[PDB]
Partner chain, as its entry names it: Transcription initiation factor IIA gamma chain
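Taking the form deposited without its partner chain, here's one chain by itself in structure tokens.
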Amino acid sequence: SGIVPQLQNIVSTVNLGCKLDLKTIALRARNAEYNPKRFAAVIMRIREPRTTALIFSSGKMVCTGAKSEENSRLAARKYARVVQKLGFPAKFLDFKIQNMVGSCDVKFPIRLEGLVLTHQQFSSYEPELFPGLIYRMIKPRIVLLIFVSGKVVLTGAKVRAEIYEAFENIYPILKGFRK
């Protein structure tokens, strides 16, 4: 297509390998908060890579907001180090990229009303509920949110190649419905 989807968000998980005292973490770490009555984890943030972590008493952690796999792992290690420095016997076990989000612009308006008819088996489009056509692709297994503006969001990927494969698969289809 000559168009490369840009990564906008990465969700990763890692296991610190030890029970954690969320109250202690919340009290001592800057940009760390804990309100068990609202959510069961410590919400911690760092400005670089700009991300947000959810740290559970179990030792498991969720890292969100990075723009790349590297940046996601880098952020996860920084959060792990913070917990480690606090005094907990933290490890860095089974780090894994769980979801990746990409977006691009095909630079032409799309006749979503048309796409939905021909690709009924993969599309959900109710403009009065949400303006984007939701395309549930099978191979690769990725969900695309296709807009009239020609903007496209792709999500559900574990590796970037899946975002690229999905976009390359949809491109010839969107061209067939230029508005």
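Positions refer to the first chain, counted from 1.
Missing here is the form solved in complex with its partner chain; even so, the following discussion is about that form.
- In the bound PDB entry, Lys158 stays away from its partner chain, with no heavy atom inside 4.5 Å.
- Contact check for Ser57: every heavy atom lies farther than 4.5 Å from its partner chain in the bound PDB entry.
- In the bound PDB entry, its partner chain stays beyond 4.5 Å of every heavy atom belonging to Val153.
- Mapping the unseen interface onto this chain, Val62 falls outside it, with no heavy atom inside 4.5 Å of its partner chain in the bound PDB entry.
- Heavy atoms closer than or equal to 4.5 Å to its partner chain in the bound PDB entry belong, across 34-61, to the residues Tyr34, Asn35, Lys37, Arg45, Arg47, ordered by sequence position.
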